[PDB]
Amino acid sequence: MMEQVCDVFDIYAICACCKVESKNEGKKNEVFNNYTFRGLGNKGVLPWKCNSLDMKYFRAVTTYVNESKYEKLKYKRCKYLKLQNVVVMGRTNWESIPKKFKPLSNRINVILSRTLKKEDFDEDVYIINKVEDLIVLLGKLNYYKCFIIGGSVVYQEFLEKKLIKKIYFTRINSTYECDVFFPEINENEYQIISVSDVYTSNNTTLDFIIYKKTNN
């Protein structure tokens, strides 16, 4: 019996957070926990500028599609109301993406705004006035999975309203200057179901963990 959108319509969140620096004492925290990793961006950009391994991960996850498993989805979705995934982002977020890289290739780019002119951009490039308007654009489109790629503001509301199924969280294990952060995930609403191998990229170790919606 299918009516809780997140699970229902297949919405996922994907992020990469680093550690935050505090002016009073910058390192070697006395107490650590999952919240340690919350740095999201700094002055319109990533706090660590670039990380090719995470870039590859982000791209591979948002563009991956398994067509044979698409009607198990077309089925209930229709039943509830060149396959590509949907990538929902914010304006400040969309404006941070470089020129040559916009829109994100092989992905149905969506945007959350109150001032952007739909009139102005492409059709394969949709915009929306509010959260709830997204569910709508989904019921019309043909996609595999919907990924909320940020930013902070966008992560927060999507979590509060409880639309997030899984959170593909990348832990950048180094400290940087930050001004925007990810919302403290509620350990009782979401739980870590997977932890990857550890890697070194751009002079920092990092790993990828998967947060799940405790169906419970």
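Residue numbers here begin at 1 and follow the sequence given.
The entry models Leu81 and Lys82 with a gap of 10 or more deposited residues left without coordinates. As recorded in the PDB entry, 3 to 11 is the stretch of 207 to 215 and 3 to 11 with the greater mean C-alpha temperature factor.
Here 20 to 28 and 189 to 197 are compared by their mean Cα B-factor, and 20 to 28 comes out higher.
Among the modelled residues of its chain, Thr175 has a C-alpha B-factor that falls in the lowest third, as given in the PDB entry. Per the deposited record, the Cα B-factor of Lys69 falls in the highest third when ranked against the other modelled residues of its chain.
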